Amino acid sequence: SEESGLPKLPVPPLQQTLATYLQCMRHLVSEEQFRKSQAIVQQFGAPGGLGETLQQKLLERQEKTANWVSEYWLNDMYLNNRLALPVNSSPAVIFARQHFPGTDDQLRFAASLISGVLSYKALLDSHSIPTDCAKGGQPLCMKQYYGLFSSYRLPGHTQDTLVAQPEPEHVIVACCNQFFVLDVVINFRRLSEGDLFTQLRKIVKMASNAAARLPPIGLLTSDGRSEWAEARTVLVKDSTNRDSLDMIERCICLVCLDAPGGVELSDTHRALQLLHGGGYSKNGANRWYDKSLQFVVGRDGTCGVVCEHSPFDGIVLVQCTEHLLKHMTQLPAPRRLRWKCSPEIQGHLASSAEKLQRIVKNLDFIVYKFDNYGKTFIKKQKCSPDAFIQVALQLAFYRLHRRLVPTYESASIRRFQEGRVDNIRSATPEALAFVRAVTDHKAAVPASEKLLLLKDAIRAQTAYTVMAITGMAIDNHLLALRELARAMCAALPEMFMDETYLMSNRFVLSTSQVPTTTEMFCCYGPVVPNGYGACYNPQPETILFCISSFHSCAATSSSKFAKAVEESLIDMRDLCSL
Ligand SMILES: CCCS[C@@H](CC1C=CN(C)C=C1)c1cccc2ccccc12
Ligand code: NA
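When you line the sequence shown up against PDB author numbering, it's residues 8 to 143, 147 to 175, 181 to 345, 359 to 606, in that order.
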């Protein structure tokens, strides 16, 4: 009645997780390091040993909590991360290209979008969104929907805070780096699209007035999390700033009326604008990255949403955005938020502009549309499209870099209460056997044998996927054992100080499938300096890859990786056509 009917997240058996862990890492560490890790794990999991003690504590935690990993996972994946949110953390979703002859066309789109946000939020708030079922079925957790609009991520010196929340409700409109409170309710009557248009015109006019222009405070939210915690602490010394921060913290979402980009509106360029606004000289300060959703409606027709994803993952977000876009197809003045700055704040602003520009220049990003085939061909090979593509990315990484690396693939655990994600470790032993056969010409493995190895790697990938989505994989389980150990003693046991364990969690290849039904697509940066981010959207006859890496790292190249992906998909096609 008041409590969820969903199952709780399972706790895997301890020995199952330790065995899977060792077999995951054997081929990714040296033989000497692996021998040491084998003995460490044996001691940790011995009868009556520490692992068994921690496992008992984890089963007590499962009984006392709705989800035993929620707190640890939120802190480990997001709130402890000190990197600036743009590129490093906040994914971008790019909508179909739009065409706005005049400003009023841009404003009519933004008015229509805001109206759809208000309608969707009314469905949400009255619990009218139909329960998702697995594979589009077993019911899925719906809690992430309540985090789409009611969430604000506060910076902290060492750990951030995720705050959940209002009479009336308002959005914040960002224009020319200025922020305006737009109430979306007058006399308890929701503003119509026409009223919203009229209000947005008032905002664009006020934002263009240089005598009222205020400093670009939003730039500070683009900095490292400890840097922005420090600058925000300066701001909150003044009551005007506290009032303005409070208005942003409690808004529904941001709507960002970006200026024209001046670059060709390719898919790659539109994505760059959604990821980091092009830096301070372009739209990079027209942002507030702590707020969960920042819809961008650019003057030139670049539209999308920038997502702070501590409160929700991408499947729920795409459900929301597709509903918004599909249903677009079917009076007091807004208040400028004022700011009281100091010489301190000017220094923080200049430093944030410089730090953001390093991120802009460092990001190597490419949108690559593979057009030779898609899901239809892959399914004719008795393969899951996701597993086939994951194996292709392993072959791409191996043929370019001549090793496999610890790889992350998001797996939804929404089958369980409060469920977010666990990790599918796609760098399997079977994937290694396959990529070596394909690339080692002197070994002269027959194509017929490469095909057997291909299908066994796809089998192993599919098996790991089922394991992860049913709560039986290893990353969340080890995370909880680690953090329960830390509560006993700040000195972690050797199990988690082991270089094999640290190595295992540096995801040089970080991936996810985010399928969409419209022309929209999702992207994000890498999670380690020598890594890639790879987000793909498989369609019946094509596959879209968004590949990121950092220009600082001489080993990686997004262009070269996309070419290796193409060659791998062609190789796999030829093997399946024997
Ligand atoms: C379970 C479905 C995908 S969850 C997340 C995946 C992910 C994101 C970043 N890295 C580095 C690696 C993986 C994600 C992807 C794309 C867009 C998102 C938008 C909002 C929220 C999450 C999004
Ligand atoms: Na690079």
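Quick reminder that beta carbons are idealized off the backbone N, C-alpha and C, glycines included.
### Task
Identify whether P149 lies in helix, strand or coil by the three-state DSSP scheme.
Note: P149 maps to strand in three-state DSSP.
### Task
Can you say whether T456 is buried or exposed, counting buried as having 16 or more other CB atoms within 10 angstroms of its CB?
Buried.
### Query
Closest by CA to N192, which one among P275, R302, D210, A129?
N192 has its Cα closest to that of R302, out of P275, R302, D210, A129.
### Task
For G55, count neighbouring Cβ atoms within 10 angstroms of its own Cβ and tell me buried if that reaches 16, exposed if not.
By the beta-carbon neighbour count (other beta carbons within 10 angstroms, threshold 16), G55 is exposed.
### Query
Less than 7 Å between the CB of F327 and some heavy atom of ligand 1, yes or no?
Flag set: Cβ of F327 near ligand 1.
### Query
Any idea what DSSP makes of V312, helix, strand or coil?
In the structure shown, the three-state DSSP call for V312 is strand.
### Message
Using the three-state DSSP reduction, which class does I417 fall into: helix, strand or coil?
### Response
Here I417 sits in helix by DSSP.
### Message
Assess contact between the region 90-100 and the region 234-247, defined as three or more Cβ pairs (one per stretch) separated by less than 8 Å. Is contact present?
### Response
Enough Cβ pairs lie closer than 8 Å, so yes.
### Task
State the Cα-Cα distance for the pair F327 and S438, rounded to the nearest angstrom.
The straight-line gap separating the alpha-carbon atoms of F327 and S438 is approximately 13 Å.
### Query
CB of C151 to nearest heavy atom of ligand 1: below 7 Å?
The nearest non-hydrogen atom of ligand 1 is 7 Å or more from the C-beta of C151.
### Task
Let me know if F462 comes out buried or exposed under the rule of 16 or more other beta-carbons within 10 Å of its beta-carbon.
It is buried - the Cβ of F462 has at least 16 other Cβ atoms within 10 Å.
#### Entry: Per-residue DSSP class, three states only, for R216
Note: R216 maps to helix in three-state DSSP.
#### Entry: Reduced DSSP category for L272 - H, G, I as helix; E, B as strand; rest coil
DSSP, reduced to helix, strand and coil, places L272 within a strand of the structure shown.
### Message
Can you confirm whether the region 32-51 touches the region 94-108 when touching is taken to mean that 3 or more C-beta pairs between the two stretches lie within less than 8 Å?
### Response
Output reads no: the region 32-51 does not touch the region 94-108.
### Query
Helix, strand or coil for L507 per DSSP?
DSSP, reduced to helix, strand and coil, places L507 within a helical segment of the structure shown.
#### Entry: Spatial neighbours of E511 in its chain, beta-carbon cut-off 7 Å, leaving aside the 5 residues before and after
Once the five neighbours on either side are set aside, the close Cβ partners of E511 are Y79.
### Query
Any chance the region 31-40 sits against the region 410-429, with 3 or more Cβ pairs inside 8 Å?
In the pairwise beta carbon analysis, the region 31-40 is classified as not touching the region 410-429: fewer than three pairs are separated by under 8 Å.
### Task
Ignore the nearest five residues each way along the sequence and tell me which others in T544's own chain have a CB closer than 8 Å to its CB.
Cβ within range, chain order: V333, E337, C550, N565.
### Message
Any heavy atom of ligand 1 inside 7 Å of the beta-carbon of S538?
### Response
Answer for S538: yes, Cβ within range of ligand 1.
### Task
State the Cα-Cα distance for the pair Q22 and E522, rounded to the nearest angstrom.
In a straight line, the C-alpha of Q22 is about 17 Å away from that of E522.
### Between the CA atoms of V188 and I598 - distance to the nearest angstrom
Taking the straight line joining both Cα atoms gives about 46 Å.
### Query
Is any heavy atom in ligand 1 found nearer than 7 Å to the beta carbon of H324?
It does: the Cβ of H324 is within 7 Å (strictly closer) of some heavy atom of ligand 1.
### Query
Would you say the region 300-315 touches the region 132-139, given that touching needs at least three Cβ pairs under 8 Å?
Judged by Cβ distances under 8 Å, the region 300-315 makes no contact with the region 132-139, as fewer than three pairs qualify.
### Query
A415 and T493: beta carbons closer than 8 Å?
Judged by beta-carbon spacing, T493 lies within the 8 Å limit of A415, meaning their Cβ atoms are closer than that value.
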